[PDB]
Amino acid sequence: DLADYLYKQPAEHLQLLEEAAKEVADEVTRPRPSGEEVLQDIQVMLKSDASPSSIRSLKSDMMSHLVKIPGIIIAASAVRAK
Amino acid sequence: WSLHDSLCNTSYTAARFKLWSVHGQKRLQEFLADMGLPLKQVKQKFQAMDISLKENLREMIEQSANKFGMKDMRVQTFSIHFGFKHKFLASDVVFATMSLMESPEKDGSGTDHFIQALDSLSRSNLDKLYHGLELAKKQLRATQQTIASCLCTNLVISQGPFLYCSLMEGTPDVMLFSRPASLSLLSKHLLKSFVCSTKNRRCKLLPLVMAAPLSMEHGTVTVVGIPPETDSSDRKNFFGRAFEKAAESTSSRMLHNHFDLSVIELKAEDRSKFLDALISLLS
Amino acid sequence: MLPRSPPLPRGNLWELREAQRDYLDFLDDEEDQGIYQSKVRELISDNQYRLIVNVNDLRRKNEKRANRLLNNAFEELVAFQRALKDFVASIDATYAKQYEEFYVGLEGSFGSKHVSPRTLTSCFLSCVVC
Amino acid sequence: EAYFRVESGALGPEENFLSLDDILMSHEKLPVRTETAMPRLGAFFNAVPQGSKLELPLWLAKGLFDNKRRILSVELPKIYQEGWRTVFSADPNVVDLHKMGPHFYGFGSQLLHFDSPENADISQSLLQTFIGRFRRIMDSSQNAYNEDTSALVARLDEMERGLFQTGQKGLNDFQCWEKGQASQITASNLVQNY
Amino acid sequence: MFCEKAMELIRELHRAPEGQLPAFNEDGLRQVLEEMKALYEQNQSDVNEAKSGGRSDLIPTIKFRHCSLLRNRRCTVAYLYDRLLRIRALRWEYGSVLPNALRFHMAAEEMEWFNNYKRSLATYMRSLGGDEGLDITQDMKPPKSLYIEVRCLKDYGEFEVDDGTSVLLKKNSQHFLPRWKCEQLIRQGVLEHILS
Amino acid sequence: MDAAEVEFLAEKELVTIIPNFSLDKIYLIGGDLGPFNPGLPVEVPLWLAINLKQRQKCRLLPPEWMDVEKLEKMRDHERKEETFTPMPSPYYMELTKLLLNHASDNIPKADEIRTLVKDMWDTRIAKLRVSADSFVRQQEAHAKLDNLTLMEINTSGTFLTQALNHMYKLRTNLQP
Amino acid sequence: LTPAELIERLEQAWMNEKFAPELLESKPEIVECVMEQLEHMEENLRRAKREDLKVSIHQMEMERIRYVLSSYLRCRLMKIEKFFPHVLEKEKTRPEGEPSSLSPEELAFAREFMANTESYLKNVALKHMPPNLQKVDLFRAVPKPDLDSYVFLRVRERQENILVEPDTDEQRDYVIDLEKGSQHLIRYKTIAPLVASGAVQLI
């Protein structure tokens, strides 16, 4: 069931995933030695082995659904704060 | 595989649907549309298909295959689970093993592939099985591109009491079937597609005989023989005697090297000298 | 080649009360070798606002403050520049009123802070960099 | 597994005789100032003046040294001077001890046989650099598995690479026991030829 | 300064830290013995000349040459000793007999050192116990089970079973033998332990 | 050492099996065993229980400390305390590997025992690299390790001792 | 000395040699009295071989003991071949009444090893040298053992008043005590005479 929610409502479920990754990385590395005792935040990436779509196949019914597209990087902004 | 690439390649729905002629390829489209399977989910791998479709797939497929004349669609097999993601049907292990042992590209003596296929039956080697499933795919997609040749070109000669065919080197993916063991399956699927394709009433009940070149240097071909096909064929072949007596009559050069008798290696020049005497012998 | 110091290190021969009361003690500097009481006066004789400090000295004097100053630069530099006006009034209060507020530069060798505009990420927010 | 090279004594009182690490270590050059003339051998640098700045290997300046500085006196390279001795105190996890080397702790412990004044301040740099760079070799060597470690090891010296290769050999040996893999009997040194 | 020739013997062994025996260097070794002799005489001349005219100011030119031979001694015993380590390994890893891809890289006097070491070792081994002692060369890993399943990888004439019941070893043909016999051959490269 | 010999020393622990073959007392150079009555328990050293299980001749039994309840209390006791707390057996990792790999169907709730054991291990290893960092950080000369089993010692010992020798050297290079 | 205890003491004699940084004591008694159980129970199997399961249970245990023992021996023929001159010297000048660190057979092996290597270096590079260097002494080319190593040990005979010297400053030495069954991480020099007296064991 989870890997289906994650395909349909990825926004409000990646949050729960990344908040469980932080509660597991706490009971595994503790006691942190001396210089760190505040628990950091774990950016959960995710990959898959599924057939890729294409940019020309992004119809508006795919709004807020995990997609998987190939391409070629053409530009790159400068990093900023957020 | 995906649910689409496995309908186009099973040599039981690739025959009924006649998935080699544009006129009947729309039959597959209609079959898919009658179930409510989007044409975009059917093209994607089966493990990634949505969870709301696959509920009763194995029933909505058996049903909508009555409406097309395919009533033997469910078979009785077994399946195994090891752990979290390991789920095999007893006819996936078979197609993977059968294609680790008969890989086309040869890397040594005759007993170098045998070892690698004997290896992939113990659970400590799931990295060979999971690899021998990419050969078994590559083979099945390079069989329906040959049975599509000898049926959009009519290379099945009705040489009398039995059909007959042959192959050409120039056609791509014909060196894959050079082995004298991976040739019987190609012929046995060719017969199944043919019998469903032809309009006659005689050809639909004649055994097939096939030859494809073995060795260019010795200039020899390999020949097989398969029983007359039908739904309830007893499976009692009879060519091990025919070929023997024919080579005896013509007094040519033959080799009954294998354990089964119905597979022979024959000089490229004794082909007709052998075949005519065989035609007369079977009569 | 990595510039891990403004002075090229190869050939140089050829609450908020603790911070303010530790900086003052550091700026006394009389009893060891008088390095900064030789500089406060020096700038008063030149009419300067700011004086340049060596954090390399802050380390040897007090490590805790030297680390708390490279990671909370704002709350520490508002306490440095206060306990500097305090220490200039302790020499010449007449001068200590000519100028509104003093300033304090920095120089020395920061550990990982020596960054380029390409490496200046957002983990250096509110942190002295070079 | 059975080829036990002779280890390095370059950290104790005196280097070992047969250790191929110390032999290449002491070969590194060092600056000296001569106290007399150098007759019959001024060809290299016939006689050489007194009070001349020359560059000699370390092994040479071992016997050519005395307490009275009869033949020559020595002055330390800048890597051990007062300049860099503050850099290595700012944050020692940043320095490229392979360019400043590649024998830092090995060389620095042999510059204590020259009874210079600041020895009580070199033997405190080394100790406080090695202690500084420890929690980054204890943790980037026991926690780097099946990775390309040729970038976690690009800024280390021979006394530290020997430890980064002992963390890995104990990580890759427990991870090979956990996976039922350290039961099969294998060829030991023949797979080195292959 | 000096010693730029000896330091081409060492800076070569320092490139092979795996334990692989490289080809002997008679050339450089002769080339450094020659420099030893040269400096020896050219220094002894002025040594006895500093007792025949009082040139004591040459005393430095003695040390600069006295020590500069000790170096060339170190860098030629270490090399000659290091190579005697990478050889003894070939008795604990390969076995009693070596293939001639190895016995072609050792200088012709190291074979005598070998055949002495090997013989003294085989002497010590047979001395431990009453009946022909205990062959401590085998048994490198804890025993796990009592039988092992091997699979040949090269041809090999006719392997022996103690009871005179030989076994042919064709390629890619797996047996089920007691691991008490297969250890010698697995550790060389002939057989292979499959059913781990 | 190396894990494959700690595993050798761990195959001397006693376990209890239920044979299904007849055999009379055996006098081993390391004690006595038997007799083996079909369908009756008997206590043997591990290296024999495993070897008999592989040959389909017995049926293992879970050791008493291998319970899914007492373990769920050890796992909490370990995270509360701030020192190395005592453990069921000096070789629990190797037991709960060999057993659960070879007799996972004769042990109920194997895949919870396994996760609790791993949870304990992943903590007792975190306390070590804190007890092995204060050592260096403060340049001690002694350290009392309380209840370390041989396996935790051996997973990070040949690095710790080798990096403390290089520290003793650097700390005593100025006396002469 | 029940045959059951020879093995319990053999494993203990096996770990110490693996961890110690120096060639420890010689136990000729045990190495010669385990080669008896092996020599005997190798006969009550080849004779009464007509059982097919008992002989397996015996052969497995024999193969475990013959590995403990063998790997113990090999671990000392590495100490001897790395420290041959310092181990010959120590045995030549031994005060009578002290347990040797070499068997009568390892002694012959070490003698032949030193002889062989000297007669090898004599004919390759030490012969063609100027006639005052042709003698090199092998007490200053082979590095001595390093007894300043750190070791984990677990003690089994309560010791008190043990000296812990962190550094060269004689003042900074605080004395410690040892419980029973505890485990510590201390330098090998300060507990050298305890390993020879069974009071500890290097785990």
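- The record lists cryo-EM as the method behind this PDB entry and 3.29 Å as its resolution.

1. Quick look at the overall build of chain E
Now for step 1: Each helix and strand in chain E was counted, giving six helices and four strands.
Now for step 2: In sequence order, the secondary structure elements of chain E are arranged as α-α-α-α-α-β-β-β-β-α.
Now for step 3: Computed over its C-alpha atoms, the radius of gyration of chain E comes to 26 Å, more than 25% above the 16 Å expected for a compact globule of 196 residues.
Now for step 4: The 196 residues of chain E split such that 52% are buried.
Now for step 5: Of all intrachain contacts in chain E linking residues separated by at least 6 positions in sequence, the fraction that spans at least 24 positions is 61%.
Now for step 6: Carbon and sulfur atoms form 52% of the exposed surface of chain E, whose accessible area is close to 9,600 Å².
Now for step 7: Charge separation in chain E, taken as the distance between the mean sites of 29 positive and 29 negative side-chain charges, equals 4 Å.

2. A short note on the overall build of chain D
Now for step 1: Helix and strand counts for chain D come out as eight helices and three strands.
Now for step 2: Listing every helix and strand of chain D by position from the N terminus yields α-β-β-α-β-α-α-α-α-α-α.
Now for step 3: For 194 residues, the compact-globule estimate of 2.2 N^0.38 gives 16 Å, and the C-alpha radius of gyration of chain D, at 21 Å, exceeds that figure by more than 25%.
Now for step 4: With the C-alpha coordinates aligned to their principal axes, the bounding extent of chain D is approximately 70 × 40 × 25 Å.
Now for step 5: If you sum the accessible surface of chain D, you get close to 8,900 Å²; carbon and sulfur atoms cover 50% of it.
Now for step 6: Side-chain charges of chain D comprise 19 positive and 25 negative groups, with the mean position of each set lying 6 Å from the other.

3. Brief notes about the pattern of salt bridges
Now for step 1: Tallied over the entire structure, the rule returns 63 salt bridges over all chains.
Now for step 2: Among the salt bridges present, the one from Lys99 of chain D reaches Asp96 of chain D, with a minimum N-O distance of 3.8 Å.
Now for step 3: For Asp96 of chain D, a relative accessible area of 10% puts it in the buried group.
Now for step 4: For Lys70 of chain F, the salt bridge is made with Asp67 of chain F, and the minimal N-O distance between the two is 3.4 Å.
Now for step 5: Through salt bridges with shared partners, a single ionic network connects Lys144 of chain E, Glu7, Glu11 and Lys97 of chain F together with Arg64 of chain G.

4. Some remarks on the sheet that holds strand β8 (residues 264-267) of chain B
Note on sheets: strands pair through backbone hydrogen bonds, and any given pair is parallel or antiparallel.
Residues and elements named next belong to chain B.
Now for step 1: Across the sheet, six strands lie side by side as β3-β4-β5-β6-β8-β7; this open sheet has mixed pairing. Each edge of the open sheet carries a strand with a single partner, namely β3 (157-158) and β7 (254-255).
Now for step 2: Looking at chain direction, β3 and strand β4 (residues 163-166) are connected through two bridges and run antiparallel. When the bridges of β4 are listed, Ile157 appears paired with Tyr164.
Now for step 3: Sitting on the sheet, helix α8 (residues 239-250) is in contact with β5 (208-215), β6 (220-226), β7 and β8, with an inclination near 140 degrees to β6.
Now for step 4: Here helix α9 (residues 270-282) sits on the sheet in contact with β4, β6, β7 and β8, set at roughly 120 degrees to β8.

5. A few points about the interface of chain G and chain F
Now for step 1: Each partner contributes to the interface: chain G provides 38 residues, whereas chain F provides 36 residues.
Now for step 2: Buried area between chain G and chain F, summed over both chains or domains, comes out near 3,900 Å², and the portion from carbon and sulfur atoms is 67%.
Now for step 3: Area buried by chain G at its contact with chain F is led by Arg64, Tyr150 and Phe152 of chain G, which between them contribute 19% of it.
Now for step 4: The interface formed by chain G and chain F holds three salt bridges in total.
Now for step 5: Between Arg64 of chain G and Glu11 of chain F there is a salt bridge; the shortest N-O distance is 3.2 Å.
Now for step 6: At the surface where chain G touches chain F, the tally comes to seven residue pairs in polar contact.
Now for step 7: Of all the elements in the fold, those that place two or more residues in the side of chain G that touches chain F are α1 (3-19), α5 (54-74), β1 (150-155), β3 (174-176) and β4 (183-187) of chain G.
Now for step 8: Broken down by element, the side of chain G that touches chain F gets its largest block of residues, 10 residues, from α5 of chain G.

6. Structural notes on the packing of helix α7 (residues 158-178) of chain D against helix α9 (residues 157-171) of chain F
When two helices pack together, their arrangement is given by the angle between the helix axes and the distance between those axes.
Now for step 1: Their axes nearest at 9 Å, the elements α7 of chain D and α9 of chain F cross at an angle of 165 degrees. Comparing their axes, α9 of chain F and α7 of chain D come out roughly antiparallel. Relative to α9 of chain F, the crossing made by α7 of chain D is left-handed. Residues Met159, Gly162, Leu163, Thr166 and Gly167 of chain D of α7 of chain D touch α9 of chain F, and the partners they reach there are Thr158, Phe159, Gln162, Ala163 and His166 of chain F.
Now for step 2: Residues that form the contact of α7 of chain D with α9 of chain F fall into these classes: four nonpolar, six polar and no charged.

7. Comments concerning a negative patch on the surface
Now for step 1: A cluster of acidic residues, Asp131 of chain E together with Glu32, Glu36 and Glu39 of chain G, forms a negative patch at the surface.
Now for step 2: One can find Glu39 of chain G in helix α3 (residues 37-41).

8. Topic: the packing of aromatic side chains
Now for step 1: As enumerated under the stated definition, the model contains 41 aromatic pairs over all chains in all.
Now for step 2: Ring centres 5.7 Å apart and planes at 65 degrees place the aromatic pair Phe243 of chain B and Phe274 of chain B in the edge-to-face group. Residue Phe243 of chain B is located in helix α8, and its partner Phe274 of chain B is located in helix α9; the two are separated by 31 residues in the primary sequence. Just as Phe243 of chain B is buried, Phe274 of chain B falls in that class too.
Now for step 3: Measuring from centroid to centroid gives 6.2 Å for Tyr105 of chain D and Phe130 of chain D, while their planes differ by 90 degrees, and the two rings are edge-to-face.

9. Points about the arrangement of the chains
Now for step 1: If you rank the 12 pairs of chains in contact by how many contacts each has, first place goes to chains D and E.
Now for step 2: In this structure chain B stays clear of chain G, and the shortest span between their C-alpha atoms is 25 Å.
Now for step 3: There is a clear gap between chain C and chain G: no contact, and 24 Å between their nearest C-alpha atoms.

10. Quick notes on helix α5 (residues 110-125) of chain E
Now for step 1: A rise of 1.5 Å per residue sets the reference length of α5 of chain E, with its 16 residues, at 22 Å; its end C-alpha atoms lie 22 Å apart and thus fit the reference within 8%.
Now for step 2: All of the buried residues along α5 of chain E are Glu110, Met111, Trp113, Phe114, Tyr117, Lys118, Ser120, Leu121, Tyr124 and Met125 of chain E.
Now for step 3: In this structure, the buried side of α5 of chain E is in contact with α4 (85-92) of chain E together with α6 (77-82) and α8 (104-121) of chain G.

11. Points about the interface of chain D and chain E
Now for step 1: Each partner contributes residues to the interface: chain D has 43 residues there, and chain E has 46 residues.
Now for step 2: Of the roughly 4,300 Å² buried between chain D and chain E on both sides combined, carbon and sulfur atoms contribute 67%.
Now for step 3: Considering only the surface of chain D that becomes buried against chain E, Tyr3, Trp59 and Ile185 of chain D emerge as the three largest contributors, covering 16% of it.
Now for step 4: The interface formed by chain D and chain E includes zero salt bridges.
Now for step 5: For the side of chain D that touches chain E, the secondary-structure elements that each account for two or more residues are α1 (20-26), β2 (53-57), α2 (60-63) and α8 (190-193) of chain D.
Now for step 6: When grouped by side-chain class, the residues that make up the side of chain D that touches chain E number 26 nonpolar, 11 polar and six charged.

12. So, the nonpolar core
Now for step 1: Core analysis: the largest hydrophobic core is formed by 198 residues, its most contacted members being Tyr105 of chain D, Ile17 of chain F together with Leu69 of chain G.
Now for step 2: Looking at this core element by element, the count peaks at nine residues for helix α3 (residues 59-82) of chain E.
Now for step 3: When residues no more than four places from it in sequence are discounted, the contact partners of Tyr105 of chain D are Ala10, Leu11, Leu97, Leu126, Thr129, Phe130, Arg133, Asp157, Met159 and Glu160 of chain D together with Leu170 of chain F.
Now for step 4: Formed by 29 residues, the second largest nonpolar core is a distinct cluster that contains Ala19, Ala66, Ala96 and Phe110 of chain C.

13. A closer look at unusual backbone geometry
Now for step 1: A cis amide bond, omega 5 degrees, links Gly101 of chain D with the succeeding residue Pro102 of chain D.
Now for step 2: By secondary structure assignment, the location of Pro102 of chain D is in the loop between α3 (84-90) and α4 (104-108).
Now for step 3: Cis geometry is found at the peptide bond from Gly34 of chain F to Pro35 of chain F, where omega equals 0 degrees.
Now for step 4: Its location among the elements puts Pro35 of chain F in the loop between β3 (31-33) and β4 (42-45).
Now for step 5: Of note, the phi angle at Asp139 of chain E is positive, near 65 degrees, even though the residue is not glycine.
Now for step 6: Counting through the fold element by element, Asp139 of chain E comes out in the loop between α5 and β1 (147-148).
Now for step 7: Among the residues examined, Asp139 of chain E registers a relative accessible area of 8% and is labelled buried.
Now for step 8: In the Ramachandran plot, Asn161 of chain G falls in the positive-phi region, its phi being about 60 degrees despite a non-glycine side chain.
Now for step 9: As for its position among the elements, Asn161 of chain G is in the loop between β1 and β2 (162-164).

14. Comments concerning the environment of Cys67 of chain E
Now for step 1: Relative to the helices and strands, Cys67 of chain E resides in helix α3.
Now for step 2: Residues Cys67 of chain E and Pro17 of chain E lie 50 residues apart in sequence; the distance between their C-alpha atoms is 29 Å.
Now for step 3: Residue contacts for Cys67 of chain E: discarding those within four places in its chain leaves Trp59 and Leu60 of chain D.

About the cut-offs
- Residues numbered from 1 in each chain as written, not as in the entry; some residues may be left out.
- Chains lettered and ligands numbered in written order.
- Part of a larger assembly, values for the part shown.
- Heavy atoms only, no water.
- Helix = DSSP H or I, 4+ residues; strand = E, 2+ residues; numbered from the N terminus.
- Rg over C-alpha atoms; globule rule 2.2 N^0.38 Å.
- Buried < 20%, exposed > 50% of the residue type's maximum accessible area, 1.4 Å probe, protein only.
- Contact = heavy atoms within 4.5 Å.
- Areas by Shrake-Rupley, 256 points an atom, 1.4 Å probe, with all protein chains shown as cover.
- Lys, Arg positive; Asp, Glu negative; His and termini not counted.
- Charge placed at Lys NZ, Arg CZ, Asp CG, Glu CD.
- Salt bridge = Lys/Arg side-chain N within 4 Å of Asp/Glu carboxyl O.
- Pairing = 2+ DSSP bridges.
- Axes fitted to C-alpha atoms, helices over the stretch in contact; angles between N-to-C directions.
- Buried area = accessible area lost by both parts, 1.4 Å probe.
- Polar contact = N/O pair within 3.5 Å; in protein donor to acceptor, adjacent residues only side chain to side chain.
- Parallel < 35°, antiparallel > 145°, perpendicular 65-115°, else oblique.
- Left-handed = near helix turned anticlockwise from the far one by under 90°.
- Nonpolar A, V, L, I, M, F, W, Y, C, P; charged D, E, K, R; others polar.
- Patch = residues over 30% accessible without salt bridge, like charges linked within 9 Å, V, L, I, M, F, W, Y side chains within 5 Å.
- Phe/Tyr/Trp six-rings, centres within 6.5 Å; stacked < 30°, edge-to-face > 60°.
- Expected span 1.5 Å × (residues − 1).
- Core = buried A, V, L, I, M, F, W, Y, C linked by side-chain atoms within 4.5 Å.

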